[PDB]
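Trainee: sequence first, structure after, both from an experimental entry:
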Amino acid sequence: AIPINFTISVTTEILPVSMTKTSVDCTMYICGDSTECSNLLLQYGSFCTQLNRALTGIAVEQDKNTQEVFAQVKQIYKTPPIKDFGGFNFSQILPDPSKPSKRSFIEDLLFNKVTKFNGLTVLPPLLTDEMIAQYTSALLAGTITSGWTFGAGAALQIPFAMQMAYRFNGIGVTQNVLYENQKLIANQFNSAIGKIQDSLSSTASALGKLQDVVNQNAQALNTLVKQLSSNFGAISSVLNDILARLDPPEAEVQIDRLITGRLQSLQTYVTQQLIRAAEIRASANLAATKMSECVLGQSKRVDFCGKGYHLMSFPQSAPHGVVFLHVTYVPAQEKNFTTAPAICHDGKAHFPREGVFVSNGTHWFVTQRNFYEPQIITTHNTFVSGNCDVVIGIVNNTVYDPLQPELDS
Amino acid sequence: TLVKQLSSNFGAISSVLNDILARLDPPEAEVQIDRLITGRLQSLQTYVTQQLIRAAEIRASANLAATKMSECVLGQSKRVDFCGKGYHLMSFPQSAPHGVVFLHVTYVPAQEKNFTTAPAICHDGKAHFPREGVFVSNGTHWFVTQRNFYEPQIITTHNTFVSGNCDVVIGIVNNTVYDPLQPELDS
Amino acid sequence: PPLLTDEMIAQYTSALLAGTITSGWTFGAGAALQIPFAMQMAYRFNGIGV
Amino acid sequence: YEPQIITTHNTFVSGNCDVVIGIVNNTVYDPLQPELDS
Amino acid sequence: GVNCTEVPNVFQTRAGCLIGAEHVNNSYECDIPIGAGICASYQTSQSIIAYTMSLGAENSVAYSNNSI
Ligand SMILES: *[C@@H]1O[C@H](CO)[C@@H](O[C@@H]2O[C@H](CO)[C@@H](O)[C@H](O)[C@H]2NC(C)=O)[C@H](O)[C@H]1NC(C)=O
Ligand SMILES: *[C@@H]1O[C@H](CO)[C@@H](O[C@@H]2O[C@H](CO)[C@@H](O)[C@H](O)[C@H]2NC(C)=O)[C@H](O)[C@H]1NC(C)=O
Ligand SMILES: *[C@@H]1O[C@H](CO)[C@@H](O[C@@H]2O[C@H](CO)[C@@H](O)[C@H](O)[C@H]2NC(C)=O)[C@H](O)[C@H]1NC(C)=O
Ligand SMILES: *[C@@H]1O[C@H](CO)[C@@H](O[C@@H]2O[C@H](CO)[C@@H](O)[C@H](O)[C@H]2NC(C)=O)[C@H](O)[C@H]1NC(C)=O
Ligand SMILES: *[C@@H]1O[C@H](CO)[C@@H](O[C@@H]2O[C@H](CO)[C@@H](O)[C@H](O)[C@H]2NC(C)=O)[C@H](O)[C@H]1NC(C)=O
Ligand SMILES: *[C@@H]1O[C@H](CO)[C@@H](O[C@@H]2O[C@H](CO)[C@@H](O)[C@H](O)[C@H]2NC(C)=O)[C@H](O)[C@H]1NC(C)=O
Ligand SMILES: *[C@@H]1O[C@H](CO)[C@@H](O[C@@H]2O[C@H](CO)[C@@H](O)[C@H](O)[C@H]2NC(C)=O)[C@H](O)[C@H]1NC(C)=O
Ligand SMILES: *[C@@H]1O[C@H](CO)[C@@H](O[C@@H]2O[C@H](CO)[C@@H](O)[C@H](O)[C@H]2NC(C)=O)[C@H](O)[C@H]1NC(C)=O
Ligand SMILES: *[C@@H]1O[C@H](CO)[C@@H](O[C@@H]2O[C@H](CO)[C@@H](O)[C@H](O)[C@H]2NC(C)=O)[C@H](O)[C@H]1NC(C)=O
Ligand SMILES: *[C@@H]1O[C@H](CO)[C@@H](O)[C@H](O)[C@H]1NC(C)=O
Ligand SMILES: *[C@@H]1O[C@H](CO)[C@@H](O)[C@H](O)[C@H]1NC(C)=O
Ligand SMILES: *[C@@H]1O[C@H](CO)[C@@H](O)[C@H](O)[C@H]1NC(C)=O
Ligand SMILES: *[C@@H]1O[C@H](CO)[C@@H](O)[C@H](O)[C@H]1NC(C)=O
């Protein structure tokens, strides 16, 4: 079986890359400006100092993640202002200046789809999502203009049609197929990108994978805050009343269980919050690998990078995450043929060198693998070894010589 | 930090167990040493858990190191930007205390001169394509070269193939293609 | 109890095996496109330099 | 292991002989020439 | 995002107000992470200057349907 006809296909892909960098403090959470409590805690061990340690560790880890995944470029390339990319039309994913910040249409959709008293603050990230967008625009202009050469170093421009010819050549579909079908492939590309647009705008919230990081973290914070309302066995929950009601020599007692309960709650919180990030950065490392292998090059590794055979990938940002577009080659309309391993001619077998030997019923032909393109059998594309007896299973045919009739001139 | 935790009372009378032994042996010794034990037990447990997480981290890095060894060393990879930066030639390992140190030997092209390209060279109505590499021009003499290092050669049937029409394809140029069999057939 | 049931998992392993016996790798990219086993093994050998 | 004769259909030509290290002579075969009998 | 007029040179950031840096109007491939784009350095008479970061050099490549 072999395919007559094929479709370019465009798939989306989502990934978490980081999460909001909270930071909740010791003395405020536990008791918050009640120096009686402070004097009671100072002689507990060095617990909460090193809690603060761990948590700020998570916080710096987040921006380490974002810089490993996005700063995989070294400069800022930008696209030339004459959009003559040979039929292919990326105008939906490149920037548009009159959008307020330098987002892009699909970026802006992704942004519009997804949506204090207790010492617990939220630091701001170290890259501004504007800068993130500027990186991704740089990556787009890079992998578009310069081919994929800039994987190595100084970018080396090369026209887009040539580049996609090389992309095809990297999955065993000889160059010509592109040039002969350029217009068709271009229209396919365009309608696919447009379908992505209209899907995402009218999709369900199927950016859900980024939703889960934020929902989990925020519900954990709700539990931590709410925990402050439990008596924990003391006279009353509110510390400003326990202090202001009982005598000191009595106070120490009722404050004791309150301190131990709130500490144990804080430790449970930080213990879970460590594992949150310890898996987020696994995802982040996966995103860095996908970015470099897919965007700055081509991946011969079947189904690492969106399915079908692989051609090109484009990145886009998202709030605390990244979103790839994968552009792949897939065969759709197949058809029957009957084959055999080798062609015995004049007492010597022949095997083909790249493509399969294929028949339409009467004659025989040589074709490449993944897109039907019949040809005659000539000494050029085949090669010989030995008789035609050992090779199990065989069918007879005539091998034409591209030299004899020209020689017979 | 763990050891320092032994110098703290956790809300008892002292930071040593022997003194509480000396002062008060009957039940109040229980209602005090209770706190020493509880606190010290936490400190140990909360050492163990974060040590366990750090262990997860080091195992992740160890498995990355294993894959990197058995791809960069024992073979030649084509995952791009895995073994270093640039096209990958080779690697050698070295061993540092508690870790490993890879020397990646990579091949990177630096000087760049530009030319003019073209998809195909129609002739007699048929269109040649290169077997590998692009066509290229210094202005007059079209040469065909591999994509990654400038060394030109003369265009030939033997390093091209055919598609017998030059109209559907967009952006062709015209030029003679050389043929080695004709001059050797002149004899 | 688990969601997929070990009988169902056996059906997936049977299918994912039948595919690779009959049609080579192709059924990971689209629809299966048949080649006879011997030829498929020949093309694997070609894929590793022999 | 699979010995073959050395001809134009399995070797290409790059440049001069006297710059590569440790080259040797041997007679390249040109299977056009036996057919170059006319 | 709160006001440092409430503090008991001077600047303002999306993360707070840092006290001491001369705020400048050129951007460098910058060292120290402060916040939300602001990032400091010791340079030149000499002091600490806190300033907007810049993601890198700009090299807009020339491109043309028949170059290489
Ligand atoms: C590339 O695709 C975009 C996608 O819309 C095309 O944009 C339209 O361009 C026309 C100009 O002829 C405008 O009047 C429309 O408002 C644009 N949008 C739509 C939805 O039609 C664009 O024409 C295509 N080609 C180029 C060269 O940009
Ligand atoms: C191969 O497939 C492509 C699309 O999958 C076909 O393109 C369209 O085919 C229909 C059917 O005749 C035409 O009406 C359309 O005009 C074609 N599209 C364009 C943009 O022209 C293509 O015809 C198929 N070719 C073969 C030989 O099957
Ligand atoms: C199978 O392929 C052969 C090869 O092209 C086709 O045979 C051609 O048939 C037409 C008339 O039907 C002749 O004018 C051509 O000269 C034939 N070609 C050759 C090379 O002899 C054949 O039609 C195809 N289909 C079938 C069912 O056999
Ligand atoms: C596939 O197996 C069939 C078996 O039916 C082979 O058919 C040949 O012809 C008849 C079938 O009635 C048998 O007596 C022969 O022994 C079969 N030959 C062989 C080699 O099996 C068919 O040839 C086989 N396919 C290939 C490619 O060998
Ligand atoms: C390679 O790219 C450079 C950069 O655009 C081109 O440089 C200019 O080319 C024009 C036309 O010959 C000259 O008049 C200028 O003096 C060049 N600029 C410099 C700084 O030297 C160059 O032309 C391109 N190569 C070709 C063959 O066109
Ligand atoms: C590549 O881009 C250039 C840039 O405009 C195109 O140049 C035009 O080419 C046509 C036909 O070759 C001429 O009639 C025009 O006069 C050219 N433009 C100018 C300003 O002189 C060129 O056509 C493009 N290549 C292709 C294949 O379309
Ligand atoms: C390239 O060289 C060929 C070789 O003569 C010529 O092709 C002519 O192209 C024009 C363009 O329509 C045709 O009208 C002629 O019939 C073609 N043949 C001849 C003999 O003139 C022409 O010199 C060049 N072609 C182009 C498109 O530049
Ligand atoms: C391969 O190694 C051998 C062993 O050293 C080299 O043999 C020497 O070759 C030089 C040629 O300039 C002679 O003068 C020496 O006498 C040789 N050594 C001995 C022990 O006789 C050989 O040269 C090397 N290969 C090449 C191409 O130089
Ligand atoms: C390879 O063969 C060539 C020619 O067949 C040898 O070239 C000889 O070079 C010497 C100079 O030292 C001349 O005196 C000879 O006349 C040349 N020809 C022959 C046939 O000897 C060359 O020496 C050979 N290389 C080796 C390593 O033997
Ligand atoms: C295949 O062709 C050879 C060439 O003469 C012939 O001897 C042999 O009988 C043919 N095979 C069959 C099955 O007829
Ligand atoms: C192109 O290169 C050839 C060398 O084969 C040379 O002789 C010719 O003058 C060159 N043309 C230009 C315009 O540099
Ligand atoms: C706080 O700073 C913002 C930003 O400069 C400003 O708009 C606002 O007026 C300030 N608030 C006060 C009370 O000065
Ligand atoms: C701010 O930028 C303007 C731009 O002209 C410059 O004149 C001014 O000196 C800059 N401010 C400082 C403190 O350098």
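Mentor: Perfect, thanks for sending it. Residues are numbered from 1 along each chain as shown, chains lettered A, B, ... in the order given. Ligands and ions are numbered 1, 2, ... in the order given.

Trainee: setting aside sequence neighbours, what's the nearest residue to the most centrally placed residue in chain A?
Mentor: Nearest to the geometric centre of chain A sits residue A:324, at 4.7 Å (C-alpha atoms, centre = their mean). Computed as C-beta to C-beta, 6 or more residues apart in numbering or on different chains, the closest residue to residue A:324 that is not its neighbour in sequence is residue A:13, at 4.4 Å. (Each C-beta comes from the backbone N, C-alpha and C, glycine too.)

Trainee: for chain E, give the residue positioned nearest to ligand 1.
Mentor: residue E:65 (13.8 Å; C-beta to the nearest ligand atom).

Trainee: residue A:5 belongs to a strand, doesn't it?
Mentor: Yes - assigned with DSSP: H, G, I helix; E, B strand; the rest coil, residue A:5 falls within a strand.

Trainee: what is it paired to in the beta sheet?
Mentor: Note on residue A:5: beta-bridge partners residue A:333, judged by DSSP bridges.

Trainee: wait, it sits on residue A:329?
Mentor: No - using C-beta atoms under 8 Å, residue A:5 makes no contact with residue A:329, being 11.7 Å away.

Trainee: about what we covered before: distance of the residue of chain E closest to ligand 1 relative to residue A:88?
Mentor: 12 Å (C-beta to C-beta, to the nearest Å).

Trainee: show me which of these two is the more surrounded one.
Mentor: In this view residue E:65 and residue A:88 are compared by other C-beta atoms under 10 Å in any protein chain shown, and residue A:88 has more residues nearby, 18 against 14.

Trainee: residues contacting the more buried one?
Mentor: The neighbours of residue A:88, taking C-beta atoms under 8 Å, 6 or more residues apart in numbering or on different chains as the test, are A:160, A:164, A:186, A:189-190.

Trainee: from the residues you listed, which is closest to chain D?
Mentor: Chain D has its nearest neighbour among those in residue A:164, at 28.2 Å by C-beta to the nearest C-beta.

Trainee: the residue lying closest to the closest one once chain neighbours are set aside in helix, strand or coil?
Mentor: Using C-beta to C-beta, 6+ apart and skipping the chain neighbours, the partner closest in space to residue A:164 is residue A:178 (5.8 Å). Recorded secondary structure, residue A:178: helix (three-state DSSP).

Trainee: pull the contacting residues for residue A:178.
Mentor: A:161, A:164-165, A:168, A:185.

Trainee: next, count neighbours for the nearest residue to residue A:83 once chain neighbours are set aside.
Mentor: Leaving aside its sequence neighbours, residue A:83 sits nearest to residue A:91 (C-beta to C-beta, 6+ apart; 6.4 Å). Using other C-beta under 10 Å, residue A:91 is surrounded by 14 other residues.

Trainee: do the same with residue A:159
Mentor: Neighbours of residue A:159 (other C-beta under 10 Å): 24.

Trainee: next one: residue A:19
Mentor: 23.

Trainee: touching, it and residue A:211? I think so.
Mentor: No - Residue A:19 lies out of contact with residue A:211 (C-beta under 8 Å); the separation is 12.0 Å.

Trainee: using a markdown table, lay out the contacts of residue A:178 together with secondary structure and neighbour count.
Mentor: Output for the contacts of residue A:178, formatted as a markdown table (DSSP: H, G, I helix; E, B strand; the rest coil; neighbours: other C-beta atoms under 10 Å in any protein chain shown):
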| residue | secondary structure | neighbour count |
| --- | --- | --- |
| A:161 | helix | 22 |
| A:164 | helix | 22 |
| A:165 | helix | 23 |
| A:168 | helix | 22 |
| A:185 | helix | 20 |
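
Trainee: possible to save those residues as JSON lines with distance to residue A:252?
Mentor: Shown next, in JSON lines, are the contacts of residue A:178 (distance: C-beta to C-beta, whole Å):
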{"residue": "A:161", "distance to residue A:252": "81"}
{"residue": "A:164", "distance to residue A:252": "76"}
{"residue": "A:165", "distance to residue A:252": "81"}
{"residue": "A:168", "distance to residue A:252": "78"}
{"residue": "A:185", "distance to residue A:252": "79"}
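
Trainee: would you mind listing what in chain A touches chain D?
Mentor: A:403, A:407 (C-beta under 8 Å from any C-beta of the partner chain).

Trainee: follow-up on the earlier one: out of the contacts of residue A:88, which are inside helices?
Mentor: A:160, A:164, A:186, A:189-190 (DSSP state H).

Trainee: residues contacting residue 2?
Mentor: Unless you meant another one, I'm taking chain A. A:334-335, A:337, A:356, A:358, A:367, A:369, A:372, C:33.

Trainee: let me rephrase: I mean chain E.
Mentor: residue E:16.

Trainee: what helix or strand does residue A:351 sit in?
Mentor: strand A:350-352 (DSSP states H and E).

Trainee: same question for residue E:41.
Mentor: strand E:38-43.

Trainee: dump that strand to PDB, restricted to CA.
Mentor: In PDB, the C-alpha atoms belonging to strand E:38-43 read as follows (Å, rounded to 0.1, in the frame of the first residue of the first chain):
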ATOM      1  CA  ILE E  38      14.600  46.500  36.700                       C
ATOM      2  CA  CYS E  39      18.100  45.200  37.400                       C
ATOM      3  CA  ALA E  40      21.100  46.900  39.000                       C
ATOM      4  CA  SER E  41      24.900  47.100  38.600                       C
ATOM      5  CA  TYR E  42      28.000  48.800  39.900                       C
ATOM      6  CA  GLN E  43      29.500  51.000  37.300                       C
END
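
Trainee: list the buried residues for it?
Mentor: E:38-40 (16 or more other C-beta atoms under 10 Å in any protein chain shown).

Trainee: please list which of those are also close to ligand 3.
Mentor: Counting by C-beta under 6 Å from any ligand atom, nothing from the buried residues of strand E:38-43 sits close to ligand 3.

Trainee: what residues of the helix or strand hosting residue A:324 count as buried?
Mentor: Following DSSP H and E, one finds residue A:324 within strand A:321-335. Neighbour-count burial for strand A:321-335, counted by 16+ other C-beta under 10 Å, picks out A:321-331, A:334.

Trainee: contact partners of the very next helix or strand once past it?
Mentor: Counting by DSSP H and E, the next helix or strand C-terminal to strand A:321-335 is strand A:338-339. For strand A:338-339, the external contacting residues (C-beta under 8 Å, 6+ apart) are A:356-359, A:361, C:36, C:39.

Trainee: among the residues you listed, which are in reach of ligand 3?
Mentor: Okay, of the contacts of strand A:338-339 touching ligand 3 (C-beta under 6 Å from any ligand atom), that's residue A:361.

Trainee: for residue E:51, state which of the contacts of strand A:338-339 is nearest.
Mentor: residue A:356 (63.6 Å; C-beta to C-beta).

Trainee: let me see the contact set for residue A:157.
Mentor: Residue A:157 touches A:145-147, B:114, E:61-64, E:67-68, counting by C-beta under 8 Å, 6+ apart.

Trainee: quick check on those residues: which are buried?
Mentor: Using 16+ other C-beta under 10 Å, the buried members of the contacts of residue A:157 are A:145-147, E:61, E:63, E:68.

Trainee: strands of chain E, start to end?
Mentor: Applying DSSP state E to chain E gives strands spanning E:22-23, E:38-43, E:47-52.

Trainee: if you could redo that for the stretch 151-300 of chain A, that was the one I meant.
Mentor: Ranges of strands in the stretch 151-300 of chain A, per DSSP state E, counting those that start in this stretch: none exist.

Trainee: can you tell me how far the residue nearest to residue A:83 is from residue A:59?
Mentor: For residue A:91 relative to residue A:59 (C-beta to C-beta), the value is 39 Å.

Trainee: how about residue E:47?
Mentor: Distance from residue E:47 to residue A:59, by C-beta to C-beta: 28 Å.

Trainee: centroid residue for chain E?
Mentor: residue E:52 (2.0 Å).

Trainee: and the closest residue to that residue other than its chain neighbours, how many residues sit next to it?
Mentor: Leaving out its chain neighbours, the residue that sits closest to residue E:52 by C-beta to C-beta, 6+ apart is residue E:27, at 5.2 Å. Neighbour count for residue E:27, taken as other C-beta under 10 Å: 13.
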